[PDB]
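Undergrad: First, the structure itself, so that you have it in front of you.
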Ligand SMILES: CC(C)CCC[C@@H](C)[C@H]1CC[C@H]2[C@@H]3CC=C4C[C@@H](O)CC[C@]4(C)[C@H]3CC[C@]12C
Ligand SMILES: CC(C)CCC[C@@H](C)[C@H]1CC[C@H]2[C@@H]3CC=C4C[C@@H](O)CC[C@]4(C)[C@H]3CC[C@]12C
Ligand SMILES: CC(C)CCC[C@@H](C)[C@H]1CC[C@H]2[C@@H]3CC=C4C[C@@H](O)CC[C@]4(C)[C@H]3CC[C@]12C
Ligand SMILES: CC(C)CCC[C@@H](C)[C@H]1CC[C@H]2[C@@H]3CC=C4C[C@@H](O)CC[C@]4(C)[C@H]3CC[C@]12C
Ligand SMILES: CC(C)CCC[C@@H](C)[C@H]1CC[C@H]2[C@@H]3CC=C4C[C@@H](O)CC[C@]4(C)[C@H]3CC[C@]12C
Ligand SMILES: CC(C)CCC[C@@H](C)[C@H]1CC[C@H]2[C@@H]3CC=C4C[C@@H](O)CC[C@]4(C)[C@H]3CC[C@]12C
Ligand SMILES: CC(C)CCC[C@@H](C)[C@H]1CC[C@H]2[C@@H]3CC=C4C[C@@H](O)CC[C@]4(C)[C@H]3CC[C@]12C
Ligand SMILES: CC(C)CCC[C@@H](C)[C@H]1CC[C@H]2[C@@H]3CC=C4C[C@@H](O)CC[C@]4(C)[C@H]3CC[C@]12C
Ligand SMILES: *[C@@H]1O[C@H](CO)[C@@H](O)[C@H](O)[C@H]1NC(C)=O
Ligand SMILES: *[C@@H]1O[C@H](CO)[C@@H](O)[C@H](O)[C@H]1NC(C)=O
Ligand SMILES: *[C@@H]1O[C@H](CO)[C@@H](O)[C@H](O)[C@H]1NC(C)=O
Ligand SMILES: *[C@@H]1O[C@H](CO)[C@@H](O)[C@H](O)[C@H]1NC(C)=O
């Protein structure tokens, strides 16, 4: 039913499932905006496919040819099925709009499924190629941040009663390499191109005259070519073509609204803001150097992933509340850190 | 069946599922009134869609055109399907009420699903954008309250046998920022606007003459335009239109009753009452300062979320019972706190 | 099938599911009588809806109009569907009993579902508004009782080898407030009113002549108004109306039997008997004062909830067996308590 | 399918599910004979309902009226559905056996479901009212038996290298109260009465002439009353009536065989034999006094429940093997108990 389809595709965790494995425990591995874009671009065409053939919206068979009254039920069924299979056969049918509109009307669900698959492909390539590496690197970075926070609080407590910036060096090295950012931009660009092509196709499909679904059909090949009792042609109409056009314009609207989001996603350096690591600069055990901005490198992408999935880090949360309290400046950062006692 | 739909949509945890993740363990992340509003506004139109096409209420096909007796079964089926697809084609049909009523009668399930999706969108935006931040902040606040309660009871026990207000400073800082409250008000306002538009549409749909479902249909395009055996027109009726109107007025009543709730929700500062933190003011380790009221800021929203999901805090429950006992004034707050022995 | 519906709605845990959350572990949060009343009042109309359209009891379509023999199958189907949709349209049909009986016959499942939803609403309001508070308070009370029992047995063992009545003070304070009892009485009263209205409706529906299901139908609007081959009217009958009346009288009987139960529930103070706390009065560490009776206050409701869900408390069970043994008076209460050794 | 129904209702744990809660861990809370009686009396009529309308045994529709050849398919369908709905309407039909046989033939599944529900009601009342109390009491009794066994074995080991009969006093007190036994006897008696009424109904249904399923039907009310082309009456037959009678006699046989079991159950004191507590009399720490027999009191019912669900007690099992070995008398009870070393 329509409501069942809605529950499956919008109100359920459709493509929102976290990786089912212990390797990525709590790691999104995909930005929220990218996940939203993929979920829409994939589950919208599927939802429209399901809707267009819902038991309520669908009168019945997808084509009716209006055989003569003399024709029996199965003769008329032969006519309808023959014309359905003959939309491909150009000789059999003669339609003013041509044969491409008939092909599109017959295979619209296939085309929507193709677009959905093509849009799901780049996210899958990301999750299967560049996701494990960033997952491992980000897990190491979070562990290093937790360890340095613990060491700093232990030092503060000892004072009240190595020291090498490994994480900073690793981030600096990431500043050079750009394979991950190149893959990310390539997959986003392919998604954008697929969306644009889908918009072109949907606009063309919705621009039809709405009468191209009606085509003339001739069961006059073979032994029936010179038969007399059979009329030379029939009036066939492809039902649900109006529904297809409505859903196609809906998908076109959604995709044109979505494309600016993908374009904004492509410009990762601009998105790289609100320095996540700036909060850690007040730790004595952490060097006061952010050095993450203004670069078409994997460093900006790692900064984005950190700003996305750093809320799970207790040390980061503690430092963030310390920073927020520092806005008033009533107290002192080391005193607040010592009082917090948030090692684990 | 009707009962199955009821069990799925009203008697089950439809959209009442808690976040399936360890990050939010026991945190609602959504006020009870907001959750009720979203659940109604989403699962009502879906329930009505399912009901309108239930196997019992539905006589059968959604349109019957009453072809002549001479017409065969599949000729009549062609007529019915053609008219179903031709509700869009204005030339084919001539109805007194126009063609918009026919469009609405055909696509009412789609319109209800659209309203449900549009009403579910703002809650989803909230849960995916502003929910993680408030979850982390509120978890930190609850942990700080538990820790300060434990410290105060330990101090009392030591007396019987830092001290910095970090949580108060954090709340004071939240008094300034307003991004969360702005997002909350924006999503509530969008929900209200969607509800009002849905009410307008449902009132218009229910105001129809009830005879607009009957339209005249002409299969007279193409080779059949000059055919003689076919009548110039047919009498088609869209079945289930009365059911659609009944369910639409039901949804209109529900939404007009719900809109005052959304308006009351928009006025969060008025809702900010029954100070949750007032109970903690009797703790020696906690400063006697509430400072949370009369502000279009995130502080009021945080106060609401606390008053919602603070019952899970053992320290808060203990302080609440101490406060309630203090109404008589027979005993002493520190003595009762020491006797309680409710560290964990 | 009928047996499947029975298993789902009477032999299964339909609305008998305990709260699926760790917050309420073993707490009913709903009295047994109230749960029985809600389960009946909700799952009876749903069961009757399912039964009335069971594949065995149902001959087939819900209306047959007996078109002339000259009419084709789909002409007759058009007639039947038109009349089904025209039960609303007063002009189309002319029935002796009127049009309200036809509306009721068509929408009886909707009306039963409406009554079920309206009866499920007050229980849901209770469980979502007043259940968390009573759950927290009752959990605290049980924990306090366990702690005082442990302290008393420890004192007795020490003798053989604070002391403040916090729980008693909390109960005394609950004696004043009445918001929970007011909500309980309001929800019970609304349930009673809904049940009475349902009884009125079912009595009216069952009082019909049983021939109102037969109505005269006229497909004579539009181009067919002046058509000659079509008869001026048809004889239509709404099938399953007898089944609807039978099930409606069954529901009426059940609801009239149930209403006295709801009225008895409304009088909570009378139900407040068999003092649960009287057993704890023999503990040296517990003050000898019950002070819970004869009040339209939340104290009586809390006493009811205690008498309901106190069997899970080992200390209460031990004190109950001590009390029962004290009926003979052969031994001594402190000696029996010491011998029991039931700390945990 | 038939085999699926069999698997669900006889070969599966239909109504044999243990209470899904930690409160009753391993406690039957229902005697084996009572559970068997309830399972049969409930799942037999449901199984017969399912069988009577199985896709294999069922030819098709439940009534066929044999309309004239001139009648079209949907005219005949109208006739059949009209007569199906008119079995209630006495004026419409004229049958030699009357109208009650037709009512019974139409609503036999409803009557079987009613009997199943009425037979399931007393067991449900028991499980929801008197089951928690007996569960708590019996758990306490088993814990006391385990503790006294442990104390006795510890004393024996100490000798080789309070003392109050709390459980005996509790059982003696149970000797007085009779509310549980009264409820048990009342529910068993209601089950017996329901079974007898079901037997009466099934005997009456099976005693029919087998031709009462054939009734004369007249679609001659309304505009068709004076119509000429329609015959004055039709020959309608209610299919599956023979299957209903066969299954009804099967259920009658099962219920008459079952009723003696219920009568034997009612006489609980006679069932109270094979003293379970007699084995514990050899323990030095346990007083040598059974005092459980010859009483219409809850003590006999508790003895039955003990004899039912005491096999789970390791101490009871050890004492039972000691008793069995004592039949030969080769050894000594205290020596065997010391050698067993079965504390836990
Ligand atoms: C997904 C991508 C590939 C879709 C590409 C656009 C498709 C949908 C449409 C839009 C415009 C279309 C073209 C419009 C006009 C003509 C001229 C005609 O004589 C042959 C077909 C041809 C050449 C069409 C082929 C298909 C076409 C290119
Ligand atoms: C992503 C955005 C830009 C998509 C917007 C949809 C645009 C591309 C659509 C809307 C209407 C469409 C046109 C409608 C009709 C025709 C005439 C046909 O003989 C060739 C294709 C052509 C010229 C279409 C090309 C694509 C088109 C211009
Ligand atoms: C969800 C929102 C967009 C719904 C907006 C209201 C819709 C349902 C209805 C209510 C009143 C309607 C209008 C009423 C009157 C007219 C004048 C007519 O000559 C053209 C259509 C037009 C202009 C209608 C368009 C659709 C309309 C605006
Ligand atoms: C949220 C609340 C205010 C909704 C209440 C429903 C209101 C808006 C509905 C109920 C009846 C409706 C009117 C019914 C009939 C017409 C005539 C038509 O030619 C234009 C629209 C118009 C004028 C409708 C406008 C909207 C309307 C006034
Ligand atoms: C659930 C509640 C609202 C149901 C209320 C009772 C319903 C079922 C029935 C019972 C008696 C009925 C009334 C009986 C008589 C008349 C007089 C007639 O000229 C108009 C309808 C009217 C006024 C009926 C309206 C509907 C009615 C009130
Ligand atoms: C909860 C209890 C009291 C419900 C008992 C059912 C009662 C209320 C039912 C049973 C028969 C019913 C009556 C049957 C017939 C008519 C005639 C009609 O023109 C007006 C309604 C009226 C007068 C009904 C009113 C309600 C009624 C009296
Ligand atoms: C479950 C219980 C209520 C069933 C009771 C027995 C039912 C099945 C049957 C068995 C015998 C039957 C009775 C036999 C004879 C007559 C005399 C006739 O002129 C009216 C019906 C009446 C009075 C029957 C009513 C229904 C009846 C009582
Ligand atoms: C539990 C045991 C005793 C049930 C045995 C079934 C008995 C009660 C059945 C079997 C045959 C039945 C009888 C068959 C026929 C008739 C004639 C009818 O006009 C009145 C009922 C009457 C007289 C039935 C009464 C009940 C009956 C005697
Ligand atoms: C049909 O008859 C025509 C007559 O002109 C002939 O040319 C043609 O070959 C025939 N077709 C078949 C399939 O026999
Ligand atoms: C139908 O016949 C008419 C006669 O006036 C002619 O004008 C029209 O073109 C014909 N239509 C078709 C589709 O051949
Ligand atoms: C039907 O014919 C009658 C003849 O009196 C006329 O009044 C009426 O307008 C016609 N109806 C239609 C819909 O053409
Ligand atoms: C049918 O015709 C008879 C002729 O005697 C008449 O008495 C009766 O009222 C008519 N019935 C209807 C429903 O018009």
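Just so it is clear, chain C uses Swiss-Prot numbers, and the residues here are 2-162, 191-373, in order.
Positions of Cβ are set from backbone N, Cα and C atoms, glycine also.
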Undergrad: Based on what Swiss-Prot says, identify which of C:199, C:325 is the phosphotyrosine one.
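TA: The residue tagged phosphotyrosine by Swiss-Prot is C:199.
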Undergrad: Select, from C:255, C:338, the one residue given the annotation N-linked glycosylation site by Swiss-Prot.
TA: C:255
Undergrad: Among C:85-105, C:218-238, C:302-322, find the range that Swiss-Prot records as transmembrane segment.
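TA: Comparing C:85-105, C:218-238, C:302-322 with Swiss-Prot, transmembrane segment matches C:218-238.
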Undergrad: When you get a sec, could you say which of C:107-127, C:128-148 is annotated transmembrane segment by Swiss-Prot?
TA: C:107-127
Undergrad: According to Swiss-Prot, which stretch among C:41-61, C:62-82 corresponds to the feature transmembrane segment?
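TA: The listed stretch tagged transmembrane segment in Swiss-Prot is C:41-61.
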Undergrad: Recorded positions C:40, C:199, C:255, C:265, C:347: which have a Cα within 10 Å of residue C:84 (disulfide bond)?
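TA: Neighbours among recorded positions, in sequence order: C:265.
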Undergrad: Tell me whether residue C:66 (disulfide bond) sits in a helix, a strand or coil according to DSSP.
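TA: Reduced to three states, the DSSP call for residue C:66 (disulfide bond) is coil.
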Undergrad: Six or more residues beyond either end and a Cβ under 8 Å away: which residues meet both conditions relative to the transmembrane segment (C:41-61)?
TA: 2-3, 6-7, 10-11, 15-16, 109-110, 113-114, 116-117, 120-121, 220, 224, 227, 268-269, 272-273, 276-277, 279-280, 283-284, 287
Undergrad: List, by number or range, the same-chain residues at least 6 past the transmembrane segment (C:267-287) whose CB is under 8 A from its CB atoms?
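TA: The answer is 38, 41-42, 45-46, 49, 52-54, 58-65, 103, 106-107, 109, 113, 224, 227-228, 231-232, 234-235, 237, 239, 241-244.
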Undergrad: Find the shortest Cα-Cα separation between residue C:199 (phosphotyrosine) and the recorded positions C:40, C:66, C:255, and name the residue that gives it.
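TA: In terms of Cα distance, residue C:199 (phosphotyrosine) lies closest to C:40.
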Undergrad: Against chain B, with Cβ pairs under 8 Å, which of the recorded positions C:40, C:66, C:246, C:265 show up? Give them in sequence order, please.
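TA: Listed recorded positions passing the 8 Å Cβ cut to B: none.
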Undergrad: Measure from the Cα of residue C:265 (disulfide bond) to the Cα of every one of the recorded positions C:40, C:246, C:255, then give the nearest.
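TA: That would be C:246, the closest of C:40, C:246, C:255 to residue C:265 (disulfide bond).
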Undergrad: Using DSSP, break the topological domain 'Extracellular' (C:239-266) down into helix, strand and coil residues and give each count.
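TA: Each residue of the topological domain 'Extracellular' (C:239-266) counted once, the result is 3 helix, 8 strand, 17 coil.
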Undergrad: Taking the Cβ of each of the recorded positions and counting other Cβ atoms inside 10 Å, which one has the highest number: C:66, C:347?
TA: C:66
Undergrad: Using a Cβ-Cβ cut-off of under 8 Å, list the residues of the same chain that are 6+ residues beyond the ends of the topological domain 'Extracellular' (C:62-106) and lie near it.
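TA: Sequence-remote neighbours of the topological domain 'Extracellular' (C:62-106) are 112, 234, 237-238, 240-250, 258, 260, 262-270, 273.
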Undergrad: Among the recorded positions C:40, C:84, C:246, C:265, whose Cβ has the fewest other Cβ atoms within 10 Å?
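TA: Counting other Cβ atoms within 10 Å of each of the recorded positions C:40, C:84, C:246, C:265, the minimum falls on C:40.
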Undergrad: What whole-number Å value do you get for the CA-CA distance of residue C:347 (S-nitrosocysteine) and residue C:40 (S-nitrosocysteine)?
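TA: Distance between the two Cα atoms comes out at 33 Å.
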Undergrad: Recorded positions C:66, C:199, C:255: which sit with Cβ under 8 Å of a chain D Cβ?
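TA: Near chain D, the qualifying recorded positions are C:66.
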